[PDB]
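Trainee: Chains as they are written, first to last, in the entry's author numbering: chain B, 520 to 546, 568 to 663; chain J, 520 to 546, 568 to 663; chain F, 520 to 546, 568 to 663; chain A, 32 to 140, 149 to 185, 188 to 309, 312 to 321, 321A, 322 to 398, 411 to 505; chain I, 80 to 127. Each residue gets a CB set at the ideal place from its N, CA and C atoms; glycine is no exception. Would you mind keeping the following structure in view while I ask a few things?
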Amino acid sequence: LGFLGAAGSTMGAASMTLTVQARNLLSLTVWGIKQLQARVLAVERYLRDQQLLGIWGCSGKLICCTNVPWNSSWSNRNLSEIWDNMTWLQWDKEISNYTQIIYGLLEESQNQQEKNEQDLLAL
Amino acid sequence: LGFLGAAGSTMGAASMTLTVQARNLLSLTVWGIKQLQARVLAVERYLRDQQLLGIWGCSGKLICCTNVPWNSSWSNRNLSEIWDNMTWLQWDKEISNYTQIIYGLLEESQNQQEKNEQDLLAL
Amino acid sequence: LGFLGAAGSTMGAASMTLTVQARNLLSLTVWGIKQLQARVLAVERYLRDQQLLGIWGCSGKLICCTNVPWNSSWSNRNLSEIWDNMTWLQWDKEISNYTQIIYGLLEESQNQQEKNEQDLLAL
Amino acid sequence: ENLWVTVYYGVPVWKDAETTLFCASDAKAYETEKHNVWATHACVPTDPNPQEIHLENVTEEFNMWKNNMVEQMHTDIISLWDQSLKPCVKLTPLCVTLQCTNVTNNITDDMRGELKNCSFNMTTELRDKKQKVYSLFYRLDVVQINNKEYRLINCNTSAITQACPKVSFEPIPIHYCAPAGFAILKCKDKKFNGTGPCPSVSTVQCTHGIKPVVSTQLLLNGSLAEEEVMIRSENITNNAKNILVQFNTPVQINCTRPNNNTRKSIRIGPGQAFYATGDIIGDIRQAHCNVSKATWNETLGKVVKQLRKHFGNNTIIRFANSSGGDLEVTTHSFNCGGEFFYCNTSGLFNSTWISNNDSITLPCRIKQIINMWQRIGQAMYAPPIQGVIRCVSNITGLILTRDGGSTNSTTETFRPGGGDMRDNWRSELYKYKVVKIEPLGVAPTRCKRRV
Amino acid sequence: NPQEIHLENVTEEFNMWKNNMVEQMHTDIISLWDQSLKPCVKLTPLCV
Ligand SMILES: *[C@@H]1O[C@H](CO)[C@@H](O[C@@H]2O[C@H](CO)[C@@H](O[C@@H]3O[C@H](CO[C@H]4O[C@H](CO)[C@@H](O)[C@H](O)[C@@H]4O)[C@@H](O)[C@H](O[C@H]4O[C@H](CO)[C@@H](O)[C@H](O)[C@@H]4O)[C@@H]3O)[C@H](O)[C@H]2NC(C)=O)[C@H](O)[C@H]1NC(C)=O
Ligand SMILES: COc1cnc(-n2cnc(C)n2)c2[nH]cc(C(=O)C(=O)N3CCN(C(=O)c4ccccc4)CC3)c12
Ligand SMILES: *[C@@H]1O[C@H](CO)[C@@H](O[C@@H]2O[C@H](CO)[C@@H](O)[C@H](O)[C@H]2NC(C)=O)[C@H](O)[C@H]1NC(C)=O
Ligand SMILES: *[C@@H]1O[C@H](CO)[C@@H](O[C@@H]2O[C@H](CO)[C@@H](O)[C@H](O)[C@H]2NC(C)=O)[C@H](O)[C@H]1NC(C)=O
Ligand SMILES: *[C@@H]1O[C@H](CO)[C@@H](O[C@@H]2O[C@H](CO)[C@@H](O)[C@H](O)[C@H]2NC(C)=O)[C@H](O)[C@H]1NC(C)=O
Ligand SMILES: *[C@@H]1O[C@H](CO)[C@@H](O[C@@H]2O[C@H](CO)[C@@H](O)[C@H](O)[C@H]2NC(C)=O)[C@H](O)[C@H]1NC(C)=O
Ligand SMILES: *[C@@H]1O[C@H](CO)[C@@H](O[C@@H]2O[C@H](CO)[C@@H](O)[C@H](O)[C@H]2NC(C)=O)[C@H](O)[C@H]1NC(C)=O
Ligand SMILES: *[C@@H]1O[C@H](CO)[C@@H](O[C@@H]2O[C@H](CO)[C@@H](O)[C@H](O)[C@H]2NC(C)=O)[C@H](O)[C@H]1NC(C)=O
Ligand SMILES: *[C@@H]1O[C@H](CO)[C@@H](O[C@@H]2O[C@H](CO)[C@@H](O)[C@H](O)[C@H]2NC(C)=O)[C@H](O)[C@H]1NC(C)=O
Ligand SMILES: *[C@@H]1O[C@H](CO)[C@@H](O[C@@H]2O[C@H](CO)[C@@H](O)[C@H](O)[C@H]2NC(C)=O)[C@H](O)[C@H]1NC(C)=O
Ligand SMILES: *[C@@H]1O[C@H](CO)[C@@H](O[C@@H]2O[C@H](CO)[C@@H](O)[C@H](O)[C@H]2NC(C)=O)[C@H](O)[C@H]1NC(C)=O
Ligand SMILES: *[C@@H]1O[C@H](CO)[C@@H](O)[C@H](O)[C@H]1NC(C)=O
Ligand SMILES: *[C@@H]1O[C@H](CO)[C@@H](O)[C@H](O)[C@H]1NC(C)=O
Ligand SMILES: *[C@@H]1O[C@H](CO)[C@@H](O)[C@H](O)[C@H]1NC(C)=O
Ligand SMILES: *[C@@H]1O[C@H](CO)[C@@H](O)[C@H](O)[C@H]1NC(C)=O
Ligand SMILES: *[C@@H]1O[C@H](CO)[C@@H](O)[C@H](O)[C@H]1NC(C)=O
Ligand SMILES: *[C@@H]1O[C@H](CO)[C@@H](O)[C@H](O)[C@H]1NC(C)=O
Ligand SMILES: *[C@@H]1O[C@H](CO)[C@@H](O)[C@H](O)[C@H]1NC(C)=O
Ligand SMILES: *[C@@H]1O[C@H](CO)[C@@H](O)[C@H](O)[C@H]1NC(C)=O
Ligand SMILES: *[C@@H]1O[C@H](CO)[C@@H](O)[C@H](O)[C@H]1NC(C)=O
Ligand SMILES: *[C@@H]1O[C@H](CO)[C@@H](O)[C@H](O)[C@H]1NC(C)=O
Ligand SMILES: *[C@@H]1O[C@H](CO)[C@@H](O)[C@H](O)[C@H]1NC(C)=O
Ligand SMILES: *[C@@H]1O[C@H](CO)[C@@H](O)[C@H](O)[C@H]1NC(C)=O
């Protein structure tokens, strides 16, 4: 329990405690200058993944299931040795080569069911 | 009509005019310093209830119906003496003892139909 | 391809490339002062149309279809001379007289299917 | 068999990342005020009860010598002193020649000039007329030029700026907090030497209270080791590297300025007052710090036991007094209630250790013109304190140094040493690492978005 | 043209002597005079 408490837990056990971390990421002298750039730096960094999480369609969600397959060349592991065996940090270090590829597939596949649903709305 | 115009109206009559208030909450000399902390203080205060309103699932809504009951020990009033009788300020003062309890139930109950819907998506 | 690349394309051909523009709008000396107001001015200007795009119900979308008709007195053109013939800048210049009218109909018509759906949830 | 990418938000993963930490000061102006050279008013209120989360299963790696939490606190205190010394008097008019005479002379002692009675010309009120004023100066701040004539030690190399007499110099604990989206990792190890894995980590919003007290040769009012004396050096085989000891039990050091001084005002210009020393009411005594002879003796045998873990179980370890340098590096200099002492710490480090109530009085002396440390052509004049100074504090460590010759020799000499207040901040912040939290993740889950 | 909305059926309580709108305008004008008197002449040479 607590912010980052499930940091050393396997991937599966740390997915139950997402709202602990998600609700903590937002919260003119020498002190005033460095207290004012801490506020600015904390809203622009929080809005950076809110925009990203919105071009993927997972706007107000902590877990969102997408329409892009795994390709099995990004990680050829089981669904059991990934979710109970590897922590989130290990998984990130392993899959860091293909995040910029998976991230670009997540938004090019969302503005494709946004026009397909826009075409289906006229019928 | 107008920002806060339905302030003295009963709870029921002031729920029809939500978009008036909701659309108004966002909008280096001695003047420049205090004009610059008015902008910063107004986006960080607006993002504080957008994040809160998002861990509850009511992301882009002005009225959102939740899956948590009222418990009848938070307020044992009718549904008619609450919605036409008490203004929003009166209701807030009366229910201020249990907001931190209701707020903590609203997000623990949203990341429970977010995993139930994630489990239901595989079947 | 690229930010604003489809600026001279007709309205129809520039609607396929929305995610290029949408993903680019966020991104104490004399240099420090003017680098700090560029960040502040760029998060507030981004939150002005996120809030607007949310009172209309199109929170996490790049194309949102609404429940308000066109009225045919705003522009009596075809659906083919508008979507393949006029660029977005031409359309904006032509329809600039009624944007503040269409914008106010988009939110008064969204907090009317937000109470209709709120009334339908009790039945 | 087929899987789909699902994004998670709020997954626990972090990276080391230097950022701009800010303030939390518990001791805000408790209806008492007296603004100081630091946080007080401007530092954000601190939590009544801070949250500490013990990250189980997790073994982080700390390096106390590549910490950017102390390279940022170093410049946060050079600029807290600059911003408080800009809005008050500049003592440029006091570069006159002084006609100093010994206060005692044939009064007491060997005719020592510990105090000089200097009279000079100054322009009071009108810029034409200049009347003859006088003040009491210490022998450490007047340089004879040749009842001879003197001059201030500083004003051929640095510019003096009298410290504003309303700000207080008493350090107030400071908590260094991190913005949202960052966290500070605390090593909860009891035997931590600032480098290597820490298998018992913790997460805190911001550090404990850190008094910004700067001293040399001895770390006063600091934090103590939980279990044993801890020796920490950047490169324990380099003589040019300082050694930071940390006491498990404090050694109390009392000292005073028993002279009942009296501040007097001299007008150096229109709307500008020079706060000199009028006279001394009573006997003229000497300042001094007191340390228990037995408590120091046993605490110095705990240090030599740990120094034997790095320098051979069978070796003779002897301490010696500082070799050379400024008066702040060769003497234990601190700041006791707005008065800067430079104590002669030669009776402490006068031992020799082979492998198998009484007090020590250290004759401190006072300085009034203070130069800035990592060096600039700048100085500060500290106006006299009217009264009798008496403060007691804890010694919580040492800053030692080794001398070359440990190639054939079977002995080690450990002269004390300070002068770099970056080694003052890392005797407190050694166990803190700032990390940044990355909350987005992807993972195959066999979900599928409903079309 | 400023907007003024009349809150009907609302009765607030005012205390003109615990207002912080005037304890903030007080220091906004002491520091508007300071910032305009720093960049010009200091008549120290006129103490003859
Ligand atoms: C290591 O840490 C210890 C404790 O944290 C410090 O000890 C403090 O030392 C300072 C400086 O001497 C003390 O402050 C001074 O105290 C004098 C006597 O204290 C009386 O008053 C206080 C406050 O009412 C009482 O709590 C106390 O019991 C005594 O009755 C005062 O006479 C001094 O007043 C002068 O300075 C203040 C502030 O500048 C002015 O407002 C006054 O008008 C007057 O000019 C001064 O307040 C402090 O009390 C000590 N605390 C303790 C717990 O002993 C060490 O100084 C510190 N050492 C180092 C090197 O940092
Ligand atoms: C006194 O040193 C300055 C003198 N003068 C100035 N300035 C003059 N004009 C301007 C604009 N600044 C200074 N600014 C920053 C200064 C510092 O932080 C600084 O070096 N120390 C502050 C802390 N410390 C002591 O307490 C001290 C402690 C034990 C023994 C002796 C002295 C060490 C040195 C500074
Ligand atoms: C420092 O020297 C000054 C002289 O400049 C002394 O002041 C004189 O003191 C005597 C005896 O108290 C008086 O009779 C004179 O009238 C004083 N003259 C002035 C101009 O003040 C002062 O007493 C000396 N102070 C110390 C501590 O020795
Ligand atoms: C302060 O200035 C006065 C003069 O205003 C100096 O007194 C003079 O000293 C010279 C020494 O050669 C004599 O010739 C003058 O007759 C003196 N004038 C007097 C006494 O009015 C005095 O020495 C100066 N003191 C300093 C510089 O400390
Ligand atoms: C300012 O004056 C002091 C004192 O006269 C100078 O320091 C002296 O330097 C000489 C040079 O060899 C030494 O012999 C003296 O021992 C020094 N004095 C003391 C008290 O240590 C200093 O160099 C001058 N500043 C300059 C020239 O920039
Ligand atoms: C000097 O050290 C003593 C410890 O010997 C400090 O007194 C302790 O203070 C802590 C909290 O600060 C208490 O939990 C202990 O119970 C105290 N012990 C005793 C024996 O008093 C004292 O505050 C220190 N003084 C300083 C740092 O100025
Ligand atoms: C230091 O000297 C001052 C004198 O300047 C003392 O203050 C005097 O104290 C006595 C009795 O305590 C009073 O009768 C006087 O009226 C005081 N005079 C002034 C000018 O305040 C002070 O008490 C002395 N301090 C110590 C510790 O002896
Ligand atoms: C430093 O001063 C403190 C008091 O400020 C001394 O503590 C006293 O120690 C004696 C032991 O002889 C006790 O009887 C007293 O009760 C103590 N007083 C307090 C207030 O705790 C301490 O002994 C002094 N130490 C040195 C080395 O001078
Ligand atoms: C450290 O102590 C030693 C001896 O205890 C001091 O050595 C003296 O150094 C001076 C040079 O300035 C010589 O003239 C003396 O003959 C030395 N004395 C002895 C007994 O050898 C040294 O001055 C002390 N230094 C400090 C900083 O305390
Ligand atoms: C600090 O104290 C030491 C010893 O208490 C002093 O050392 C003296 O140094 C002189 C010459 O440097 C010798 O003639 C004496 O014999 C030494 N005394 C002892 C007891 O060894 C030292 O001078 C003092 N001051 C400094 C600056 O070191
Ligand atoms: C360090 O300690 C030694 C002994 O503990 C001191 O030796 C002194 O040497 C002189 C030589 O003239 C003798 O007269 C003294 O009697 C010795 N002291 C004792 C206690 O016997 C030495 O002076 C000390 N050095 C310093 C700098 O304190
Ligand atoms: C899967 O990944 C490989 C690796 O680059 C890539 O060549 C391929 O286009 C991707 N898509 C499919 C369907 O395999
Ligand atoms: C993957 O899961 C299957 C399911 O039984 C198991 O037989 C197989 O050994 C697993 N693979 C690994 C590498 O654990
Ligand atoms: C309702 O509120 C009471 C009051 O504390 C609490 O004890 C109880 O757990 C809540 N839930 C239910 C179902 O009553
Ligand atoms: C609550 O509503 C019912 C509905 O008829 C009514 O009978 C009852 O008197 C109401 N209670 C109060 C306290 O008004
Ligand atoms: C501009 O005109 C040329 C010629 O017809 C056409 O090929 C081109 O597509 C037009 N502009 C854009 C952005 O397509
Ligand atoms: C359409 O636009 C006209 C032009 O102002 C307006 O009078 C009318 O109310 C609008 N609505 C309909 C249904 O025509
Ligand atoms: C509008 O579209 C119809 C569809 O065939 C076409 O007949 C008509 O000419 C078009 N009008 C204009 C102005 O292009
Ligand atoms: C830490 O590792 C131990 C090893 O067995 C395990 O029991 C424990 O569950 C791990 N930590 C957590 C939070 O699960
Ligand atoms: C003051 O005392 C020192 C001690 O050596 C002496 O050199 C100096 O000449 C004395 N000055 C006066 C004015 O007596
Ligand atoms: C006490 O000091 C003496 C020398 O002064 C030393 O020989 C002895 O080892 C010390 N005792 C302890 C317990 O450190
Ligand atoms: C003690 O001496 C032994 C010699 O056998 C040495 O190995 C060890 O490092 C020394 N220090 C200890 C044991 O703490
Ligand atoms: C205040 O009371 C009057 C009198 O009944 C009523 O007409 C009015 O609606 C009330 N306030 C509001 C905001 O409606």
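#1: Taking only beta-carbon atoms, is J/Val580 less than 8 Å away from chain I?
#2: J/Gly524 versus chain I: which residues are under 7 Å apart at the beta carbon?
#3: Under 7 Å Cβ-Cβ, which residues of chain I neighbour J/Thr569?
#4: Would a C-beta distance cut-off of 8 Å place residue 549 of chain A and A/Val442 closer than the cut-off?
#5: Identify, in the order they occur along the chain, each residue of the same chain with its Cβ nearer than 8 Å to the Cβ of B/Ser649, setting aside the five sequence neighbours on each side.
#6: What did DSSP end up calling A/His105 once you bin it into helix, strand or coil?
#7: Roughly how many angstroms separate the alpha carbons of I/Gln103 and I/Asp113, rounded to a whole number?
#8: Helix, strand or coil for A/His216, going by three-state DSSP, please let me know.
#9: Hey, does F/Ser599 have any beta-carbon neighbour from chain B nearer than 8 Å?
#10: Starting from the Cα of A/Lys344, find the closest Cα among A/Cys126, A/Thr132, A/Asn289 and give me that residue.
#11: Would you kindly report the start and end of the unbroken alpha helix (DSSP H) that includes F/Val580?
#12: Going by the C-beta, is A/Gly441 closer than 7 Å to any heavy atom of ligand 7?
#13: Is J/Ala541 near F/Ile603, with beta carbons less than 8 Å apart?
#14: Spell out the partners DSSP gives A/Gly451 in its beta bridges.
#15: Using only the alpha-carbon positions, how far apart do A/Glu268 and A/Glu92 sit?
#16: Which class does J/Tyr643 belong to by DSSP, given the choice of helix, strand or coil?
#17: Can you say whether A/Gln170 is buried or exposed, counting buried as having 16 or more other CB atoms within 10 angstroms of its CB?
#18: Please look up how many angstroms separate the CB atoms of A/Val36 and B/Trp571, rounded, as I've assumed it's under 8 Å.
#19: Taking one C-beta from the region 279-295 of chain A and one from the region 491-500 of chain A each time, how about it: are there three or more such pairs within less than 8 Å?
#20: Note the first and the last residue of the continuous alpha helix (DSSP H) segment covering B/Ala541.
#21: What does DSSP give as the partner residue(s) for A/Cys157 in the beta ladder?
#22: With a threshold of 8 Å between beta-carbons, can J/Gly521 be considered close to chain I, or not?
#23: Run down chain A in chain order and give the residues with a C-beta less than 9 Å from the C-beta of I/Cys126.
#24: Report yes or no: is there a C-beta of chain I within less than 8 Å of the C-beta of J/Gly572?
#25: Exposed or buried, which one is A/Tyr486 when buried takes at least 16 other CB atoms within 10 Å?
#26: At a cut-off of 7 Å, is F/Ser620 close to ligand 18 when judged by its beta-carbon and the heavy atoms of the ligand?
#27: Look at the Cβ atom of A/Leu154, then the Cβ atom of A/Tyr435, and state whether they are nearer than 8 Å.
#28: Taking just the CA atoms, how far does A/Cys54 sit from A/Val75?
#29: Using the C-alpha atoms, what's the distance from A/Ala204 back to A/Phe176?
#30: Relative to ligand 8, is the shortest distance from any of its heavy atoms to the C-beta of A/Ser447 smaller than 7 Å?
#31: Where do the N-terminal and C-terminal ends of the beta strand (DSSP E) with F/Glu654 fall, by residue?
#32: Could one say the Cβ of J/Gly531 lies closer than 8 Å to chain I's Cβ atoms, at least one of them?
#33: What are the start and end residues of the alpha helix (DSSP H) that includes A/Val345?
Mentor: Let me spell this out:
#1: no
#2: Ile84, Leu86
#3: In chain order: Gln114.
#4: Nothing can be reported for residue 549 of chain A: it is not among the residues displayed for chain A, which extend from 32 to 505.
#5: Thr606, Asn607, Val608
#6: Helix, per DSSP.
#7: Taking the straight line from one Cα to the other gives about 16 Å.
#8: Strand.
#9: yes
#10: A/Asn289
#11: 570-595
#12: In this structure, A/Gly441 has its CB closer than 7 Å to one or more heavy atoms of ligand 7.
#13: For the pair J/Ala541 and F/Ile603, the CB atoms are not nearer than the 8 Å cut-off.
#14: Beta-bridge pairing links A/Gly451 to A/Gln287.
#15: Cα-Cα distance, rounded: 21 Å.
#16: Under the three-state reduction of DSSP, J/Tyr643 is assigned to helix.
#17: Classification for A/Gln170: exposed.
#18: A/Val36 to B/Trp571, Cβ: 44 Å. No contact.
#19: Pairwise C-beta distances place the region 279-295 of chain A out of contact with the region 491-500 of chain A, as fewer than three of them are shorter than 8 Å.
#20: 537-541
#21: A/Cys131, A/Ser174
#22: yes
#23: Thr162, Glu164, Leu165, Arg166, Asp167, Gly312, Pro313
#24: For J/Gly572, the answer is no, since every Cβ of chain I falls outside 8 Å of its Cβ.
#25: buried
#26: yes
#27: When the beta-carbon positions are compared, A/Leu154 and A/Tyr435 stay at least 8 Å from each other.
#28: Here the alpha carbons of A/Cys54 and A/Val75 stand approximately 6 Å from one another.
#29: 17 Å
#30: A/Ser447: no, Cβ never under 7 Å from ligand 8.
#31: Where F/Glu654 is concerned, there is no enclosing beta strand (DSSP E), although the alpha helix (DSSP H) it sits in stretches over 653-660.
#32: no
#33: Counted as a single uninterrupted DSSP element, the alpha helix (DSSP H) harbouring A/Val345 occupies residues 335-352.
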